[PDB]
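This document opens with one chain alone, in structure tokens, the form deposited in one PDB entry.
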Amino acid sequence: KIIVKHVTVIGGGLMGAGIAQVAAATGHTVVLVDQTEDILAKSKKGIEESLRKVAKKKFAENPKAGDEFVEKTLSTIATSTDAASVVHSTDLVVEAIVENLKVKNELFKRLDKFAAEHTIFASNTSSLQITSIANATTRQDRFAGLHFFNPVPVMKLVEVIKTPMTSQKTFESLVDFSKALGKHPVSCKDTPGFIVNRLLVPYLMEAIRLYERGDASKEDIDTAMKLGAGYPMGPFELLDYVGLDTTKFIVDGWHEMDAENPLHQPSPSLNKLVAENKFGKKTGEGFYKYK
């Protein structure tokens, strides 16, 4: 019954940064890891900006409390360029790097050698099979999926995915951790896309196909879903928000898995944007242009 206190977050992008922020904000000792010092410095800057927005609203009537919250949370987030140098004394690894099985397996296979014996490994993968990543290590009993939603400081859901090998002890530690982060964990089977993505992604692809067919504009489709279905974001706004590169990798993976399935037919428009390095908000342009 290990109580997660030290968390190593690998990847400081859209999700990793958010996971580190919330873990640190809730009293956990955090080490954020990424490829270079510049990337980490940028992630840190992003987290600070996010924290201040949280502070302006959560501590609107107490600026000092706001200052202390921002400072305390940031000081709880250490940074390192090599996770292997950190894991020998961490309680939990939360991987949030590129959505690519080979790269994730290579990462975990290496960390498995450096991590303390009690260290739990968790992947924030959007569409890959947890069992496949777990077998890249010899620590399957302490391996599971811990899937957060974008943006992490706001979305309450956390899908907890056990593989047939995950131990009850590992599962309960992750459920307890989820609640410690102030989230609402939902245990899910290790099936492609788990719950949310399995239903959300195919829908987003259909939105793109409707647009490519020339049936309607991206603008009207977004307006229609927000005003007709009550969605916070139209599909194209959400696609850019999630990241077009990540979306493409998700669908390519499933497509390869089930080539004839209409749900996973690649989109020429999506592939072209990704090929042109227009990944959405994270690059300043996706289906739409941003600042």
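Residue numbers run from 1 along the displayed sequence.
Averaging only over Cα atoms, indicate whether 33-41 or 222-230 has the higher B-factor in the PDB entry. The recorded data point to 33-41.
Quick one: say whether 251-259 or 63-71 has the higher mean Cα B-factor in the deposited entry. It is 251-259 that shows the higher mean C-alpha B-factor.
Just to confirm, going by the entry's C-alpha B-factors, which of 187, 131, 124, 173 comes out highest? Comparing C-alpha B-factors across 187, 131, 124, 173, the maximum falls on 131.
When the CA B-factors of 159, 99, 117, 95 are compared as recorded in the entry, which is the largest? Of the candidates given, the C-alpha B-factor peaks at 117.
Rank-wise, by C-alpha B-factor, drop residue 81 into the lowest, middle or highest third of its chain. Ranked within chain, residue 81 CA B lands in the middle tercile.
Check where residue 152 lands among this chain's C-alpha B-factors and tell me if it's the lowest, middle or highest third. According to the entry, residue 152 has a C-alpha B-factor in the chain's lowest third.
Among the modelled residues of its chain, does the C-alpha B-factor of residue 55 lie in the lowest, middle or highest third? For residue 55, whose C-alpha B-factor we compare with every modelled residue in the chain, the answer is the highest third.
Would you mind ranking residue 265 by its C-alpha B-factor against the rest of the chain and naming the third, lowest, middle or highest? Top third by C-alpha B-factor.
Residue 195 by Cα B-factor - lowest, middle or highest third of the modelled chain: Answer is lowest: the recorded C-alpha B-factor places it there.
What comes next is about the form deposited in another entry, which does not appear here.
Going between the shown form and the other one, are residue 171 and residue 275 in one rigid part? No, residue 275 belongs to a different rigid part than residue 171 (C-alpha assigned to the better-fitting superposition).
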